[PDB]
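Protein chains in written order, with the entry's author numbering: chain C, 21 to 521; chain A, 21 to 521; chain B, 21 to 521; chain D, 21 to 521.
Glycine included, C-beta positions come from ideal geometry on N, C-alpha and C.
To start, the structure itself, in structure tokens.
Protein chains: 4
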Amino acid sequence: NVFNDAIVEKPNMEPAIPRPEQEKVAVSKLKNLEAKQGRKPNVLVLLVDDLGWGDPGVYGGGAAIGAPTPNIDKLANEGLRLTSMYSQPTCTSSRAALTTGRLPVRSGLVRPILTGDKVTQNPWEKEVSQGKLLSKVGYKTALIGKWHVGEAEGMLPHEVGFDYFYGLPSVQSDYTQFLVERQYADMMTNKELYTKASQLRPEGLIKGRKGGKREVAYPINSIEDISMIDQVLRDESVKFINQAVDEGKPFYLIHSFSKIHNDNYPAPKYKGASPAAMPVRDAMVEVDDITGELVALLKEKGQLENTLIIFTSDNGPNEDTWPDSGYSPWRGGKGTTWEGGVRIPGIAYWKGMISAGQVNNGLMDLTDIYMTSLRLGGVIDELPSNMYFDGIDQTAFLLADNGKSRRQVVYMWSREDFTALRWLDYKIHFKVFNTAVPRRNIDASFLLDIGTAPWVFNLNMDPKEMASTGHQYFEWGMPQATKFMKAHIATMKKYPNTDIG
Amino acid sequence: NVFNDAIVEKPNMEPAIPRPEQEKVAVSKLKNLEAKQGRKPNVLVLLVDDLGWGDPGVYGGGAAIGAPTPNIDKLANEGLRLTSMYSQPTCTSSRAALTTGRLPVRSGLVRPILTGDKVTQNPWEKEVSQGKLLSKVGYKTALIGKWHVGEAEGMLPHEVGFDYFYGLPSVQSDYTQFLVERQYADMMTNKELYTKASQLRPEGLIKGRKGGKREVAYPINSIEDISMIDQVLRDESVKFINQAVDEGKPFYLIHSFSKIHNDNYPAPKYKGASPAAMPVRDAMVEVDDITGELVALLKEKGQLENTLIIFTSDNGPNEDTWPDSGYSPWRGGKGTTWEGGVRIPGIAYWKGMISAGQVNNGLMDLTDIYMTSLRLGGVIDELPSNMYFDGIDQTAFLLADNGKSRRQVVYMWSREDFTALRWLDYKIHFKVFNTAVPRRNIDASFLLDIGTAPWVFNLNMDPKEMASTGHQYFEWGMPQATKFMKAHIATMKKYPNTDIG
Amino acid sequence: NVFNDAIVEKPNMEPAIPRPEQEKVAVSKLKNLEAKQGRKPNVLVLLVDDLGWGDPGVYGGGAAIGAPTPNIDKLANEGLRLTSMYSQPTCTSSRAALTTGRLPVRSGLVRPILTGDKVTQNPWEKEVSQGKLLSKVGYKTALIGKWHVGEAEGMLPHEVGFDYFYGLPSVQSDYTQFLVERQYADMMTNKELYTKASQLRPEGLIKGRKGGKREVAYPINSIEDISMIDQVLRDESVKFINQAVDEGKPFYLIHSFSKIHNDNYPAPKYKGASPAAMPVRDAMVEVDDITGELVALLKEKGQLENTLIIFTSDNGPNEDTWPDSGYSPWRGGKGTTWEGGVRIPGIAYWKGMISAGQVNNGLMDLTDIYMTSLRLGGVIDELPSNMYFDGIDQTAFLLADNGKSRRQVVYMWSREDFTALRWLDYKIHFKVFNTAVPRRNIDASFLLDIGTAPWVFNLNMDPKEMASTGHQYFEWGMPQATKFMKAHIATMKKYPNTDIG
Amino acid sequence: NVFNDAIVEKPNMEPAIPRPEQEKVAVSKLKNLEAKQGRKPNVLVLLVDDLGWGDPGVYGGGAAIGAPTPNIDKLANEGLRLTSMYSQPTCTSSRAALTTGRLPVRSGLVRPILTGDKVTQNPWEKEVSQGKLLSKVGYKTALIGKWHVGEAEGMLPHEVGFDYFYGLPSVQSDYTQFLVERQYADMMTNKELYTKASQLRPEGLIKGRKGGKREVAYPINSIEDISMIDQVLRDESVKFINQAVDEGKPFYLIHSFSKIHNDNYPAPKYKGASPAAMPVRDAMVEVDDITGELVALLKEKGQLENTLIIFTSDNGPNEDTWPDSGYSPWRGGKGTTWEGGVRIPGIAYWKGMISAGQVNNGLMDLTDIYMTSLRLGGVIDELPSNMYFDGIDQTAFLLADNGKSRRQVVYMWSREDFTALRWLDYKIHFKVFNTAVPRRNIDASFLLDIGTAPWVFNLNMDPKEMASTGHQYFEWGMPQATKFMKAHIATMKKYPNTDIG
Ligand SMILES: [Ca+2]
Ligand SMILES: [Ca+2]
Ligand SMILES: [Ca+2]
Ligand SMILES: [Ca+2]
Ligand SMILES: [Cl-]
Ligand SMILES: [Cl-]
Ligand SMILES: [Cl-]
Ligand SMILES: [Cl-]
Ligand SMILES: [Cl-]
Ligand SMILES: [Cl-]
Ligand SMILES: [Cl-]
Ligand SMILES: [Cl-]
């Protein structure tokens, strides 16, 4: 009551903090841009896989860990670097959030659905992607790269709203487990066992158009083939941007790198390209080079001033596959709701629109990228009213100089378990991941109920979440955090979550 | 059943062990006293906040920890010292039990209900305090000091039965978080955050009479003000006792010290008064002096022979706020069902009724003080029959020389979680608190399910609960411990617990 | 499904993997044996209590831990040694599975029912023991030694199907706790407590015949008496084998040693007989000698060629009672679903039927001994169709040279909690036991929920379960492990488990 | 300079804090006593083995752990209770300190020297016991009970200065390891191994007069014999006190209980005499009764007012032998320099000399008992000048009302390793004992070097030494703590320590 600064706009939309003065600056910047450009703006989402908060140089990594990222760094120094961007703790949960504007517990997309899985419902028949909505108002929409949000009938991007799909229906490790003989020898060198397991082996990169069928476009059956995966994806993103711009149409492209998911096999060009001379760091060099190649293309096509570029990650680093892992200064990693698992890099670049040199610690969510995309295209009013949407339009936050965020709380779920939330700079845990083996967040952990008080970390003072102080310094704020929790869960009674059985 | 010595008297009352010979002695002592005194006895309950089992010198602390307690020692040495007195693990839960005869899971009083809380019904309408029942038979009843059992409309002591209330609706820490700027700087020196949080800042000590309005009798706006808090409470209890004795009516007074809850600020007189010269120890010297002043007042009024004095705590030491913490020799502390959290000091003094120099290890509960009080006033038959009462009348235990307890089992709850029980000298845990940071029982703990066998500690042999032996030496008793658990839970099916929503 | 090699025979029977060629060998071997022998075969089950996987010399113990086991080694080296035999984590549960062919969560026999518990219905009215079915087709069936699956009315072996019973209704520790004064002094030297606890003291060894009353055959009132317990049981098993062979009837005998359950008191002639010179190691030598005596009796009576001998254990070592404990190389022990508690020794010997010198790592369960017995006697078709049976006939697996197992999965329950399963050589934990005090698997453990991924151990590579790799090397098999788990739980939706209340 | 309040009197003597006014009171009390009594005072040292700080009732034990100690409580309540009394971590070391006035690293008496251990020189030829010095000025000196400071030639009390010795040359567990067959079966039931070990079996209690031979006065060949051990010792102290009073000579008697060292076998009449009904608690009752018997003897002979009674322990509880162990609230136990091992109970009773009801937290040491004894007998001026003496005369501390101690610092050694010191209420660790298994302070511990700062505990605020704060609050005092350490080590270069080889 005395703390809640959010206002309910539509009952099925996450309440947002009004920023009227920032909204006026945003509306004005977009009006003048479209006058000069003659059409709606493009959006380029560069989505790296399992990238940690600290991997880019501007976040305290780069040359400090043997993989300088000059292009990503330049994108940040000449734009807006978000230090409190949040994702979900796992691949599918985050990519679902980014393409539905909904916490995955609502949609049922907490785990990838396989081609032979028994489901009572295809969740995508009910969910609405930004490709669907933006397509209807003139955008050419595409997801190029990793999907991992369902590969059964009617679940690929070009089947759920996007005009064009090209990439991996599952994930890198699904391919490499049938390629690195020694690493997976218990299955690879066991003939009887390999005969069974290889029947569910992925074929390669899939290509698909809205209204058409799926096609194998780049088969993968060796390490040499898979080492070119991100080069091939880069080739398709270039062709997609060339085609959309040459046709004078606004485009919306999610470029979903395969890297740096394990097992990383960078292109031969990049073997030893990083000072560290390790596959995952070489892969980071390849990601930084492809990022620069796409920025250069837009600059050469004269569309850089009309393109919002978002560089982010889908979750924290996968320490379980060390040394094939990224780096994050925070506690934990992929598979936990510690900050290591969910606090991720987030860079917003828009030449002429977003002032250079900004570092902003305002709260932001992957679902906010979804909802900002919808507002940029002018289609927020097209969302269904019987579904609850967790995303918040952050246009006023991104386009204002040192603007304040419109999001008040970040809610954190481990699939169907609600575990923690962040309000202001305070991190409140109601369920805690406890790891038995160092680095083994996913594979050797417990999810434990807290005791008398939820764990509380002031992230400004204890960002690495080393020791909880609970109620000691937070008696004034604890009941409000509980109110945020209960209200959040209440929205899931008012709007039932999907059970896909 | 070869073990159960308890007998069902009224179906809605915790079964008690008959002590018929001790009861004859108690009936005779009470009869002769009322014939000589001319009216029912007074009861004075001295309730110290967050005092550990070993804080008083007579329990093994005092001078050993740099804070002598001579007056409290004299109460024990000239009366009865209980070494197996039990409370609830936290403030609100223990204070509800003391004023309702009921484990707080039955009443819903596991958390303090603040103003503006959503509740189906005010739990206190249904509950029956000893103030209500004793006031009905001519007692002047008062609670002076800390309440912390609800501050919304109709929840202060003068609105739930007591004739007079004077003290803190909430708790010391609620006041001090708005006074110690540096300790709470993230809120106090943040202008916008302070403006919001300070709107729920308590104004001071609240004064209230049955049938009247709440008044702010003593404002608290500085450390200087709050440093006198326990001197002001002492003054009010002196006025109350004087007024009741001058009217010739029996008094029932719960003097609920604010000390030694954090943040401790003793009166200026007591700065450096303890050899330790630390706030929490200086506060212990202040509590001991006030105890002696109240005893000396009763002596000067000629009411010591007709006054039962009970000195006790509401829970174990708050180790989380170290070094502003009491001391206990047992494991854990406040916020856990380790012995450190629930095994608390307990002294019964009654000049001419309770023989001096008794140390008794018989089981006793805070709810037993409630039920003992009701019997001394002759009002047990007034308890509603639709509610289960956990308290047991212990008058035959307190008034018998080296008497045996009427309580067979102590049941331990963490709010809505049943975690452990004690039977004879055996502590059986069905859920265990596990602490991740030293001293951080409340703020950095888990509540974990046990494995194949409940944990068992022979408290005579392992009082510090260092390592469980489970079934190894307790096969004969383990099935009975489970029978006690099952029956205890079954009473909550036959007598439903309150859901306040 | 590409992984599932099992086939549904009957809908209420655990699916098995067909082994047609092994089955032909089994059918032919049995037909020729019965031609020369003139009657169905005998089955002698030697069941040692709390014996670890590695206690026998052939399993890496014996002389290595100061207790040679030559006779048991002879059964293994002249027969078939199973290195992946599994039990339940505790006594009652395992013996229920051995005598009902059903995981104890289905029957309700997760705990011993005491003569004085009052249960909705006696589970043995519904459960079908191999004694009932085999006696119906001409077998003389007996259980001699430890029972521990209920001692209330109609729960002893001679009341639930077996023709003859002689042994302990409960367990060794139930007797020795009233005999070893010092070890149990808190109860033994406390007059009041002993008077109550000893009312439930077992009188001695109970004898019973189908259709007859219970009798106290061997009173136990001293260490002297109970030190001969396994010598008495040996004498009874000798009488029973002699009389079945003299009468020309096939016999089914479960010899259930009291050893090596605590507190071990071997016969005087074995004091110091082991090099280690400790009670539990002396008890091991006594067990080995008794094994050799029964085998010699078969050879003397000319029945060794027509007798399948199964040497196995009921659960892993009880480390909590150290140093009165067996040995196992695996993690944990009795009371946990770690391999230490469930992976147990398993030796099958059948002179002339099972080729000597075999070591086989195929999966096998105690319920498979039940189901294999029923097929050897030819009565599998007599099982009720409204009850699910987890046992699998392993006759083709035991009578084939280096044959493959018919069991695809072992399912592991901690009473009512499903915790893990084994498929192929992979151990997958869904709930993990965590021990807070070394050796204290039963008495100081937690049962914790896993985090993002189930814990996975390749037992060939990590047989001691030292650090889980989870999904890292098992992405191809993890969905199939989930399919097994969910299908297993589904069988208990279709066939309800017994709620004994 | 700024902090040191001690003064150097003789260069080979530990400096002491002058207490001139307390010394004036002490000289007057002793003068008036000797006028009325007619001779020098008696001293009775009651020394319990492995007794914890909290075991007596007045220290927070007794009835709270099921073993009341009324006679020991009465000594404290009617005398002076010391809450900061310190010993050494082990038996031999502490008993050396008590009978030499010197930290045992100086004398070489850190381990008991066994018959024929081949030493460079018997260390007792250099040390000067109070028996020797007091005997020269007319005292009858005796040690009755446990010795444990050397069994070789010339090492028993009657050979190193005491007039009379009667008791155990070694320790209780030296006898019982040859009496409890099952507990020590690896040796007892191994014929060849028992034959070897039993050649060093102690034959029983040894008796000796100054200038006479050793004699076997009570043979111990069974549990029956040893169960009376402390009754036999009580008889001898009675005979000794009677003989001294009838001869009119002042007596100095160290009554060294065998209890409560493992394995505890109390007299038959005490079996179950404690409420806990456990051997170690029954033994506590026997010790309390014998204490009361000796006090009543002195009163009956008319010497109570001329007898200083010291009740204390030689070290903390032996948790390794749990449940045959005492109790202490502090961390650790016997075998460590945690407070649990060295902070011991200490009571001083002197009817008419020491005012009743005192509790004093001043620093006190076992070596101070030695030096105080020498003062009372008037023989301090007879100490050699080539040995450094650590003991300090505390007569002014024990005979003053709430007097301050003459000891500034307590230095703590683990045999030859300097580990910690206490100054004021601050405990400073330079080496730390880390315990790998709960309770196993002696048997499963490491001795670790600290890191950048010595560990510091304010014992008033953290008496259980839960978490060190080091320099954080002690920068003003840490350089002084280091000065104390270095000066202490310097005394050992000026006065070299003994190398026994
Ligand atoms: Ca990912
Ligand atoms: Ca409290
Ligand atoms: Ca067993
Ligand atoms: Ca000792
Ligand atoms: Cl604004
Ligand atoms: Cl290349
Ligand atoms: Cl009675
Ligand atoms: Cl003041
Ligand atoms: Cl086959
Ligand atoms: Cl024998
Ligand atoms: Cl002085
Ligand atoms: Cl006796």
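Would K319 (chain C) be called buried (16 or more neighbouring beta carbons within 10 Å of its own) or exposed?
Your numbering for residue 319 (chain C) matches position 299 in the first sequence. Exposed: under 16 other Cβ atoms inside 10 Å.
For the segment 88 to 156 of chain A, which segments carrying the alpha helix (DSSP H) assignment without a break, of at least 4 residues, lie completely within its bounds, in sequence order?
Taking only runs of at least 4 residues, the alpha helix (DSSP H) segments lying wholly in the segment 88 to 156 of chain A are 90 to 97, 111 to 120, 124 to 127, 143 to 146, 150 to 155.
Using DSSP's beta-bridge definition, name the partner residues of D385 (chain D).
Along the fourth sequence, one-based indexing puts residue 385 (chain D) at 365. DSSP output for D385 (chain D) lists D:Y106 as bridge partner(s).
Answer yes or no: do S348 (chain B) and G72 (chain B) have a C-beta to C-beta separation smaller than 8 Å?
Start at 1 with the first residue of the third sequence, and residue 348 (chain B) comes out as number 328. Start at 1 with the first residue of the third sequence, and residue 72 (chain B) comes out as number 52. In contact: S348 (chain B) and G72 (chain B) (Cβ atoms closer than 8 Å).
For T341 (chain D), list the residues DSSP reports as bridge partners.
As a position in the fourth sequence, residue 341 (chain D) is number 321, starting the count at 1. BP columns for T341 (chain D) are empty, so no partner.
Taking only three categories from DSSP, how would you classify residue 590 (chain B)?
Here chain B has residues from 21 to 521 only, and residue 590 (chain B) is not among them.
Hey, how far is the Cα of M373 (chain B) from the Cα of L419 (chain B)?
Walking along the third sequence from the start, residue 373 (chain B) turns up at place 353. Walking along the third sequence from the start, residue 419 (chain B) turns up at place 399. For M373 (chain B) and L419 (chain B), the distance between alpha carbons rounds to 6 Å.
Below 8 Å, can you find three or more Cβ-Cβ pairs linking the segment 204 to 213 of chain C to the segment 228 to 248 of chain C?
Output reads no: the segment 228 to 248 of chain C does not touch the segment 204 to 213 of chain C.
Could you compute how far the alpha carbon of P88 (chain D) sits from the alpha carbon of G74 (chain D)?
Translated into positions along the fourth sequence, residue 88 (chain D) becomes position 68. Translated into positions along the fourth sequence, residue 74 (chain D) becomes position 54. So the alpha carbons of these two residues sit roughly 12 Å apart.
Check for me: the beta strand (DSSP E) holding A368 (chain A) runs from which residue to which?
Sequence index remark: in the second sequence, residue 368 (chain A) carries index 348 (1-based). It spans 363 to 369 - the beta strand (DSSP E) in which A368 (chain A) sits, taken as one unbroken run.
Comparing the CB of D334 (chain D) with every heavy atom of ligand 4, is any distance shorter than 7 Å?
In the fourth sequence, the residue the question calls residue 334 (chain D) occupies position 314. True, at least one ligand heavy atom lies under 7 Å from that Cβ.
Looking at C-alpha atoms only, which residue of D:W342, D:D401, D:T439, D:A96 is the closest neighbour of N380 (chain D)?
For the purposes of this step, residue 380 (chain D) is taken as residue 360 along the fourth sequence, with counting starting at 1. Selected option, being the one with the closest Cα: D:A96.
What residues of chain A sit near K216 (chain B), judged by a beta carbon separation below 7 Å?
Translated into the one-based positions of the third sequence, residue 216 (chain B) becomes position 196. Going along chain A in sequence order, the residues near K216 (chain B) (Cβ under 7 Å) are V22, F23.
Rounded to whole angstroms, how far is the Cβ of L324 (chain A) from the Cβ of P61 (chain A), which I believe are closer than 8 Å?
Residue 324 (chain A) sits at position 304 when you count from the first residue of the second sequence. Residue 61 (chain A) sits at position 41 when you count from the first residue of the second sequence. With a Cβ gap of about 11 Å, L324 (chain A) and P61 (chain A) do not count as contacting.
Can you tell me whether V28 (chain B) is buried or exposed, with buried defined as 16 or more other CB within 10 angstroms of its CB?
Within the third sequence, the letter at position 8 stands for residue 28 (chain B). Counting Cβ neighbours within 10 Å, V28 (chain B) comes out exposed, since fewer than 16 surround it.
Check whether the Cβ of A205 (chain D) lies closer than 7 Å to any heavy atom of ligand 10, and answer yes or no.
Position 185 of the fourth sequence, counting from 1, holds the residue named residue 205 (chain D). No.
Would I246 (chain B) count as contacting chain A if we go by Cβ distances under 8 Å?
Counting from 1 along the third sequence, the entry for residue 246 (chain B) is found at position 226. By this cut-off, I246 (chain B) is not an interface position.
Does any residue of chain B bring its CB to less than 8 Å from the CB of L71 (chain C)?
Sequence index remark: in the first sequence, residue 71 (chain C) carries index 51 (1-based). Chain B, which has no Cβ nearer than 8 Å to the Cβ of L71 (chain C), makes this no.
Taking 8 Å as the limit between beta carbons, can you name the residues of its chain near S488 (chain C), skipping five residues before and five after?
In the first sequence, the residue the question calls residue 488 (chain C) occupies position 468. Here the set comprises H449, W475, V476, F477.
Could you tell me which whole beta strand (DSSP E) segments of length 3 or greater appear in the segment 438 to 485 of chain A?
Fully enclosed beta strand (DSSP E) runs of 3 or longer: 446 to 449, 451 to 455, 465 to 469, 475 to 478.
Where does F277 (chain B) land, buried or exposed, given buried means 16+ other C-beta within 10 angstroms?
Sequence index remark: in the third sequence, residue 277 (chain B) carries index 257 (1-based). Flag for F277 (chain B) reads buried.
Please enumerate, following chain order, all residues with a beta carbon closer than 7 Å to at least one heavy atom belonging to ligand 10.
That query returns the following residues: B:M248, B:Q251, B:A287, B:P288, B:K289.
Under 8 Å, with one C-beta from each stretch per pair, do the segment 418 to 438 of chain A and the segment 454 to 465 of chain D reach the 3-pair mark?
With a cut-off of 8 Å, the segment 454 to 465 of chain D and the segment 418 to 438 of chain A do not count as touching, because too few Cβ pairs lie within range.
Quick one: what's got a C-beta closer than 7 Å to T439 (chain C)'s C-beta in the same chain, skipping five residues either side?
What you label residue 439 (chain C) is simply residue 419 of the first sequence in a count that begins at 1. Contacts found: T357, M432, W433, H449, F450, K451.
Please state whether DSSP places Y79 (chain C) in a helix, a strand or coil.
For the purposes of this step, residue 79 (chain C) is identified with residue 59 of the first sequence, where counting begins at 1. DSSP places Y79 (chain C) in helix when its eight states are reduced to three.
For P177 (chain A), which residues in the same chain have their Cβ closer than 7 Å to its Cβ, ignoring the five residues on either side in sequence?
Against the second sequence, residue 177 (chain A) aligns to sequence position 157. So the qualifying residues of the chain are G151, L163, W167, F185.
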